[PDB]
Every structure is written in C-alpha cells, then in structure tokens.
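Report on the structure given below.
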C-alpha cells in the first residue's frame, strides 16, 4: 500500500511540475512581448521434511507466497524509480528559465529608471 | 532446490536495497533543488511586486 | 528504508503544493499587471 | 536534407540583415536582433557557427550596460559549444563563473563548476583539472551549506583518487562521508558501503594493518558485522593469508552470483588479488 | 597565499570606500558593503562578514526598504551561525519579526525551526527550543500544514517525556494518533504513537496504564491484535507479580524479535527500577 | 494573551478609520471629484484589516472585511479583484461558517465562468462539493458539483483528473443503492485506463468493484459479467479477486452462508476490507 501510494502521488507531483512549467513558459513569452512593446512605445518447496508434521508444510507455502510477492515487488520497485529521473530533469531546467525571467524584469526596471535620467 | 531459491531471494533483496538507496539519494538531491527554486521564486515575486508598486506611485505622482 | 523514504516524500509533496500556490499567485498578479498596462497604453494614446 | 539547408540559409540571411542594420541607442536593438539571429541559427543546428554568433552577441551585450544578461548569453554559448571546441566553451564558462561569484550567487557558480568539470572529464582525459574544479565546487557548496552536492563531489574525487592510486585521500574522504552519514538519521544505510570501500582502499597499503582497520571499523559501527560486505572482507583476508588462488576466486564468484559488480570494484579486486 | 591577502586587502579597501562615501553626507554604499562582505566570504573570514552584512542592512533600511534588509539579516544570521550562535539567533529573530509584520508565516516558521535546531545542537537549552518548536507548529497549523505541525508536536512530546512531565506526552501522542489513525496512508504507523502514550502512563502508576491501554483497545480494534499490547500486558503481569526476571525476559524477547529505539529502553529501565 | 486584546483593539480602530474614510469619500468626490484614489486607499485598508483579523483568529471579522472589500472593488468595475476577495472570504467562512462560503464560491464561479475560465470554475465546484460533503450528507448537491467539474475538465482536455471525480460519483451512486451508473462508470474507467501504461496495475481493481456492483442485481447477470471481464482481461484471472468471486458464487449457489462468511473472514484477515466493500458484502449476505 505504501508503495502504491508513493507511486500515485509521484505521478500527481509530475503533473503539477508540468503545469508549473507551462505557466512559466507562458509568463516568459508574455514578459518578452510586453517588454518589446514598451520599448517600441517610445521452486517446488523450501523446507526438507525430515520431521514431517504439519509445522513444516505451512512454513513452505508461506515462503513460496512471500517469494512470489517479492518477485512482483522487484518489478514494481523499478517502475517507481523511473519517473523520478524525468522529474529531476525538469526540476533543474525550470531554474534556468526562472532566473532569466527575473533578470529580464530587473534589467527592464533598470533601463526604465535610466532613460528618464 | 534450496540453493536456487535462496540465492534468487538474496539477489532480489540486494537489488531492492541498492536501487532504494540510489533513488533515496536522488530524492534528497531533488528536494534540495526544489527548495532552492522555492526561495528563488519567492524572492522574484516579492521584487516584482515592489517594482510594480514603485512604478504605479511614480506614474501617479507624474500624472 | 521504506518508512524513512515515506516522510521525505510527503514533505516534498506538501512543499510542491505550496510552491504551486505561490506560482499561481504570481501568475495571477502578472496577468492583472499586464491588463493594467494594456489599459493605460491604449487609453493614454 | 532540405530542412538543414533551408534553415541554414534563413539563419545566414537573418544574421546578414542584422549585421547590415547594426553597421548602418542602436546597441540595444543590435544586440536584440543578433540574439534573434543566434536563436534562428541554433534552430538551424549548426553548432559551431551558432555558438560563434551567440558569443559575438554576448560580447556586444558586454559592450552594452548589462551584466547578468551577458552571463546568460555566455552560459548559452557554452552549452552550444558543448559539441565543439572545448577550450572556448571552457573559457566562456569560467568567465561566467567569475561573473557569478562577483555577483554572489554561489549555487549557480558551483553548478557551473560541476558542468565544466564534467565536460572536461568526459571529453578530455586530463583528470587533475576536473578534480580541481570538483574540489572548488565542493568548497563552494560546503560554504553554502548544500550537503548533497558537496558529498557527491567528495565521493567522485575520492573514487578518482583511489583510481589515481592516491589511497590516503580516498580513504580519508570515505571515512569522513561514512561518519557524516552515520551521524545523520538518514543515509545511514550507505555507511556500511563507505566503510567497506575505506577498508578496500586501506588494504592496498599493506596486509597486516588491514586487520586493525577492519577491527576499528567494527568497533566503530557494530552493526557493520551483520553486513555481507564485512563477511566477504574477512573471508578474503583469511584466504589471502594463505597463497591459495581458489578460495578468494570462489568467494568473488559467489558474490558476483549475489550482486553484479561495478567496473571500479571489479578492477580493484583484480588488482588486489593479482598481488 | 595570494587569495587570503588579496581578498582581505580588497575588502578593507571597499570598507574604507564605503565609510568615506557615507562620510560625504547611498545605494552605492550598500552595494560596496555587500561586495566587501562577499570578498570576506571568499576569504573564509566568516567573522566580521556578518557585521558588514548588518551594516548594509541598516543602510538600506534607512530608506524604508524592508524586504532586502530582511534577506540580508537572514544571510548575516546564517553566516554567524557557525561563528557565533548568539548573533545568528538575534539576526534570525529580527528577520522573523520583520516577516511576521509583513505576514510571511512560512518563512517565519522555517526560521523558528532553524533557531530551535541551533539552540538544541550547539548550546544546551531545550525549553527555549521547545517554545520555538511550539511557535513554529502553531504557525504551520495556521497555514494548515498537517505534516509539519505533526512532526513538531511529536518532537515536542518526545522532549517533554524525556525531561518534562508525562501529561504533555500523553496529550500530544493521543492527538497525533487521533489525527493519523483516520488518515488512510499513515494508519499503519498510528498504533506506534498510541503505544508510547501507554508507556508514559506506566511511569505514573500501573492502574493508569491499564486503563489507558483498555481505552486504546476499545477505540482501535486493531490495537487489540498488535503484538505491542500483548507485550505491554505481559509487562503488566510481571509488575503486579513484582518479578524483575519476567520483565527482563520479556524485554529481551522483544529486543530479539525487533530492535529498539534506545528511548523505549530508557523508559522501560525507569519502569523496571520502580518495580521494587 | 496580549494578542487577543491588542490585535482586536487596533483592528477595530483601523476599521473605524476605514469607515470614516469611506464616509468622507463621497463628500470629497462630490465637492472636488478626486477620483478613485481615496476609494483604492479605503480598499487597501479593508484588505489590511481583514488580514489582521484573520491573523488574530477572528475569522468572522476577516470574512466581513473581505466581503466589504470585494463588493467595494466590484462597484469599481474590477471583477478580478472582487472575485479574489470573494474567494478569500469563502476560505475564511469555511474556517468559521461555510454557509457564507457557499454563496461566495458561487459568486466566484459565476464571475470566472463568465469569461470562460473553466479550470477555476471546476476547482471552485470541487471546493463547494467538499464543503457540502464534509459537514452535511447532501449527496445530491455533491454529486451534481462533481459531475459539473468532471464535465468542465472533459471540455478542457485536462486528463487524469475527471476520472477520480467519476470514480467518486460511481462510489456514491452505489452507496445510494443505484448501481447502473456506478457499473457503467467503473467499466468505462477500467477500459479506458487499461491502455495506459501506469494505470494498468490498478485497472483490475475496478473490474472487481463492478463485479460486486454487478452482483446485487442478480446472480445470472453477475456471472455473465464476471466471465466477460475475465475474457476481456485474462490477466485478471491471476489476482485473488477471481478466486474469491468464484468461491463466493459457489458457496451462495447452495444457501451455505457459513462458507461465504468463512471466505469473507479469510479475505479480511489477509488484508483489511474497505468500508464500502464490507458493506456491499454484508448487503449481498442478506440474500
């Protein structure tokens, strides 16, 4: 259950990351356009049944069951990792863009404060 | 049959341990990066708010 | 290891939500400022 | 292909028009149009000339009264040259890093240090330069309290130093990182691996002191006994005590049957076992 | 080497330039001060860099600026963190006050948690750390940050049980268990929290612990099936039997079954000492 | 503590000053025609007072101030600021009394959807649905709001969100003893999600729900539905759901309630049963 919840909320976080990426792209384009306009304005078993008895039998089955689950878990684990990679990349790229936008506005402000005098 | 199953279980457990460690470190780095961008965007929004307020007051004084 | 991972994942998710909220505020204010600039430039001209 | 030729022709025409316009206040518009031409050329995907035009526009921007924009253009030009003459990109990125340090953004400076070290090590074979860049980045990150990147850089330099046969620095860094991870509530699972790597690095120095080193590691972290790595280390030590080749060969074969060995550990094991 | 002397001389020259510039009587002075502080930072002279940052902060605050002044104060406090915890605490408190006046609760709460961490790590003072954690928890709860508030409350309860009365531990653990048990993801661990409260009840008397565990079992049916309640019942039988051997046997059996947190061991040692 | 008295006193004084300012604003406009500068300053004071009242935990006063500011700015031909203030007032009322939050959120929805902004309208619809559900048992309004938000998201092409709303709708419809809508929604969602890579693992679960939701109607149709789902998704045969359903049908075909109870108890023991699943099992046991 913990694995499944981690995966689903990781997917949700990725969706949010994509949404913020789109928002920032639109912000950058709008800011550049506005700045330009303003500038232009100017396995069978596990226990050897040596003892027989039921105690061994159940044991064996349990192990097998666990093994199978673990098998599945193996594959599951791999999947849960993969998405993170892509997300990480985004979490890096965004930074670059963000900085530029901020820089742009600051420079614009500076320019707007130097043309007057 | 003992050796095959025991070794298979050990291999699966070791692979899970290694991959979980690697992806945990990756998650830690991701968290650091997202915290940095959080502070960066907070500062950017604050500064743009201040700049637009200054522009508004200046233009209203001039007009 | 799983339970150790869980808390960091939860913290990252909540602060991702907070960052998204901040960005929504910023984009809404930017849109309002752009609209005000358009109004000013169009009416002054 | 028609696409590449058409895009190249369009970008050349745009760049020529920009040159004519600038040659004929004007600095800002010239820089803007040059940046547009550089972006179009990049879309044309001619890396060398695209980067050339971009750095020329960056120099023109430097002529203009602006600093951060020049640094952004410099980093973009370095990324463009990434697939071209390494020296020019390295110099441009060094200049950008100097500007960043002057401005005070240490995080981006360390990121660019890591990028330049990565390109130097991947493209060129000269390692010491990349190691120095990584050490500078680690120092900057430690000054900025960013433990993750500092630890990554320290691990990379320690691994290389082990590769360069400077085992003392490698073991020192590995022990430091292991104790740091152990102290922290998290990452304590890799402390056993760090101690095992430190023991392997120490073994190269001599054989008798290996027993003392492993005993010290055990008494420092008792749980390290439970790890299969400690069992493997002690078994290999006992096998090496006698000049028998079969014992450690079988042990390493079993370990490979358990876990797939990375290139560094494989070469290290071969080196230690050969002598 | 060249770096030390060169950077130190350049920083001193910048400080003198800023002093002369202000003596003429201003933003250029603040920029020079910030640059000089940066040079000092590269020279590894952590001390007196925070002083330059604070001087720049006051110079910029003189002209009504508050945001950049707050950021400079925070940076100066972070720099002083290693050099001097006291000055770092003062700068961080100033930044927290400024932001709270401006209404930035997230930054204020993060700074409060940082203050608590520095108080508890370098210096020896938990009550001030407890108050800082409580303030941060209240700030986060106001902003409906469930996980941060829960973590802060859990740490406060742990500290209170460690040194203070058990009432705080019982209250906070019960509240956290109530908040988490209903939640789907965390319910698995919910049991754990409850158990702690029960143990803290055993510190006062056995009857209170018995009533608390009965109430927990009635409220949470799964708490009945847990091995932890079985172990607590066995420990209760041992205590009413005044038999320390049974206590030790049960504790060692549990330790073999699962490892300990080293806090449960301390609590159980305290409980076994009073068996008499 | 000092917070209560001090903040209340200062906020009340500031609010009285704002009331005096707005009272004198009409006289100033009539006598001199100053403009909206005084109105804007009064609105800023209103927003500040609302913020302080929210800080001092006096949610009612903060909501009142937010509503006053929203109305005053709406009269100033600025719908966006009025909508934002109305959303803030709705949040404050939700903190104190959601009845006013309902109308505030409806006003925000109307204002936003007038321009065609579907995302904000859907989000506000989901917020109102949550407000209704958490306090009241008014399933009708909740289902209507969920369906409206799902339609808005479907028209906006934003996938991966409306499916959860449809799943909630199906669950509530099944809880209301209405199964056709729930069965249709669950089968559609499962079939659509089968093709997706990530959702595959979960798809089977939906089918099982449908089977249960398709078992109340009759045994013949339930058996046919189980067969159809297994054939369309043969991998569904690997999970425990098929074995459990087969055992339940075999036990129920002969009026052996004890075997059905034993199977249900074993399934619950291996993993705790959901409240909805347990309720449906109990309801089926009535037969």
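Observations
- Residue A:37 being more than 30 Å from residue A:110 (Cβ to Cβ) and either more than 12 Å from chain B (Cβ to nearest Cβ) or out of contact with any helix residue (DSSP H, G or I) (no Cβ under 7 Å at 6 or more places or on another chain) (or both): no
Yes or no, residue by residue, for (1) within 26 Å of residue B:33 (Cα to Cα); (2) more than 8 Å from every other protein chain (Cβ to nearest Cβ):
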{"site": "A:25", "(1), (2)": "yes, yes"}
{"site": "A:33", "(1), (2)": "no, yes"}
{"site": "A:51", "(1), (2)": "no, yes"}
{"site": "A:55", "(1), (2)": "no, yes"}
{"site": "A:66", "(1), (2)": "no, yes"}
{"site": "A:70", "(1), (2)": "no, no"}
{"site": "A:89", "(1), (2)": "yes, yes"}
{"site": "A:92", "(1), (2)": "yes, no"}
{"site": "A:109", "(1), (2)": "no, no"}
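- So residue D:200, is it over 21 Å from residue B:24 (Cβ atoms), assigned to a helix (DSSP H, G or I) and out of contact with any helix residue (DSSP H, G or I) (no Cβ under 8 Å at 6 or more places or on another chain): no
- Pairs are defined by a Cβ separation below 7 Å, a sequence spacing of at least 6 or placement on different chains, a first member in the range C:17-45 that is under 14 Å from residue B:56 (Cα atoms), and a second member that is surrounded by fewer than 14 Cβ atoms within 10 Å (Cβ to Cβ); the pairs so defined are C:41/A:41.
- Which listed residue, of E:183, E:114, E:136, E:147, is surrounded by fewer than 19 Cβ atoms within 10 Å (Cβ to Cβ), part of a helix (DSSP H, G or I) and out of contact with any strand residue (DSSP E or B) (no Cβ under 8 Å at 6 or more places or on another chain): E:147
- Residues that are under 29 Å from residue F:201 (Cα atoms) and exposed (fewer than 10 other Cβ atoms within 10 Å of the Cβ), drawn from the range A:27-57: A:44
- Just one of the listed residues (F:255, F:188, F:227) is on the phi > 0 side of the Ramachandran plot and away from chain A (no Cβ under 14 Å), namely F:255.
- Test result for residue A:74, within 11 Å of chain B (Cβ to nearest Cβ) and in contact with a helix residue (DSSP H, G or I) (Cβ under 6 Å, 6 or more places away or on another chain): yes
- Within the range F:48-99, being over 28 Å from the mean Cα position of the chain (by Cα) and farther than 16 Å from residue F:110 by Cα holds for F:48, F:49, F:52, F:56, F:72, F:73, F:75, F:76.
- The residue of the range C:1-12 that is farthest from residue E:147 (Cα to Cα), among those that are loosely packed, with under 14 Cβ neighbours inside 10 Å and facing another protein chain (nearest Cβ under 7 Å), is C:1.
- Some residue of the range E:154-169 being within 24 Å of residue E:90 (Cα to Cα), surrounded by fewer than 21 Cβ atoms within 10 Å (Cβ to Cβ) and more than 14 Å from chain C (Cβ to nearest Cβ): no
- Pairs, first at positive phi in the range D:160-179, second part of a helix (DSSP H, G or I), C-beta under 9 Å, six or more apart: D:165/D:204
- Subset of the range B:13-63 (residues that are more than 22 Å from the chain's Cα centre (by Cα), more than 9 Å from chain A (Cβ to nearest Cβ) and buried (at least 17 other Cβ atoms within 10 Å of the Cβ)): B:52
FYI, it's all coordinate maths here, none of it is from the lab. Cβ sites come from the backbone with ideal geometry, for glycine too, and all protein chains shown count toward neighbours.
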